[PDB]
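Same chain, two forms, each on its own as structure tokens: structure 1, then structure 2.
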Structure 1
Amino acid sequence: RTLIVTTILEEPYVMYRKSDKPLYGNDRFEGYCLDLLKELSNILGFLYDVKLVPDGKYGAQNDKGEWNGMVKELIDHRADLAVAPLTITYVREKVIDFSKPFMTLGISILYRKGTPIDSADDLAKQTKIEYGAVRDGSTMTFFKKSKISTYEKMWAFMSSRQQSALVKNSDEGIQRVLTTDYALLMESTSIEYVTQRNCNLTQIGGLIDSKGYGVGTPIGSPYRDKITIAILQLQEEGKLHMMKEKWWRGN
């Protein structure tokens, strides 16, 4: 059995190689997730075929209970694995299985260096420095759903200043950080990636929530626990560290 692996274009996890060389199949791609998949394939001993998810979506449900994205590919048995920056969530665990996480992350703060600002609590109580999130993203939703008073206050500030505080996408948010007196609430993984590449930018404080990226499988897949095992071995032997360092490290 050659395993079909669903994934999604997303820097630095999955990219097309910058090459016009004759590269076919899996060799057309590079990135953290491709390196992970190679290691998994060598530990478990499987052949695989990487296929980009046709609709370019991660996976969400409609009101009929119909799914899209990589999740739908797994549900339909059109992929054996999803290897992507795919969050392990309660709702998704109802319909697919996941390995234990190969990467753990949390919402954090992207801001300029050399400022007394040190936490989310430092931002919440003031109005001089604007702060927000990508409109309708996971980070915005966290703040909308939060019953923690200090994040309830932050959401109230974001929701009332909806037009300016909430941005269209990650790229626009980073641009707003570099140009105005603004802080972007975003995932720690993305902050690490940006701060490595922009020396004027830094992470502020720690993690505001916690979640993991895991390898998705159909419910009952005999590969799920094997992949957990492989992930733990890669973690303990320092290989996850070196794969992260390969793709995240800047100049």
Structure 2
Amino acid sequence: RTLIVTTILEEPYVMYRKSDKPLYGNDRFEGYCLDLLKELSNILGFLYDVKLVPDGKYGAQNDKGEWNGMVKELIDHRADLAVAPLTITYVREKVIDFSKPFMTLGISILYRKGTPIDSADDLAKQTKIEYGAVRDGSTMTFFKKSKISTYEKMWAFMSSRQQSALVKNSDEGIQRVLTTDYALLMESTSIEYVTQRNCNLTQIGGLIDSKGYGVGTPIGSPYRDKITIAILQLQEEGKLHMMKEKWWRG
């Protein structure tokens, strides 16, 4: 049976291929995650149909605890795998089975060059420079759930005035950083991609809360452990490193 892979458009993981003519099926897409999927299917021998998550979301809980996005798709068995920069988190791992990470990342700060800000703490102890994160993304949730002093203070700022310091998506955050006095709390992998292409922007400080992106499977999936094993093979052979270098270099 051909597997249903849910994913989401996000540079440079999954992008629309630019063509003079209309594209169909998997040929519509290219990106790190498409190369990953190909390396996975070569090792495991599955066929797949890539399909964008219909609600265009990653996966979060609302007030009622109800799930959405690729996570919900997996829970409801509407997809076999989720292949995307889907962050491994406590709340998600409880409702789906993640493979081990294929890429490691951390929360860091995307900001413009030439500033004296050097850490999260610099941001936390002031009010002039605005900062926030993508709403409902795992970065925001980290700050919302943290009981660490500095991060609680940052969450209080972020959630102030009806969450106006938050953005709907990464692209919006990037424009906000470029245009106004704003620092975006963003995953380090995305920061690298952006700073390779926006030479007035830089990462500020190191990584906090190191984690990874994993392939998502519904709980009980026979594919989970096999994809984990394929990932480790790709990692030990140096192919994951090469795959990142391909999409990230500017």
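Take the two forms, superpose them, and find the largest set of C-alpha atoms that agree within 1.5 Å; that set is the rigid core. Sequence positions of structure 1, starting at 1, serve as the residue numbers.
Trainee: Using a core superposition, identify the member of 178, 88, 103, 95 whose Cα displacement between structure 1 and structure 2 reaches 2 Å or more.
Mentor: Among the listed residues, the outlier is 178.
Trainee: Rigid-body comparison between structure 1 and structure 2: how many degrees does the smaller part rotate once the larger part is superposed on C-alpha atoms?
Mentor: Rotation between the two rigid parts between structure 1 and structure 2 amounts to 19 degrees.
Trainee: Superpose on the rigid core and then read off how far the CA of residue 126 has moved between structure 1 and structure 2, in Å.
Mentor: Residue 126 C-alpha displacement between structure 1 and structure 2, core-aligned: 8.3 Å.
Trainee: What does the CA of residue 62 shift by between structure 1 and structure 2 after fitting on the core? Give it in Å to one decimal.
Mentor: After core superposition, the C-alpha of residue 62 moves 1.8 Å between structure 1 and structure 2.
Trainee: Can you read me the CA shift for residue 159 between structure 1 and structure 2, rigid core superposed, in Å?
Mentor: C-alpha displacement of residue 159 between structure 1 and structure 2: 7.6 Å.
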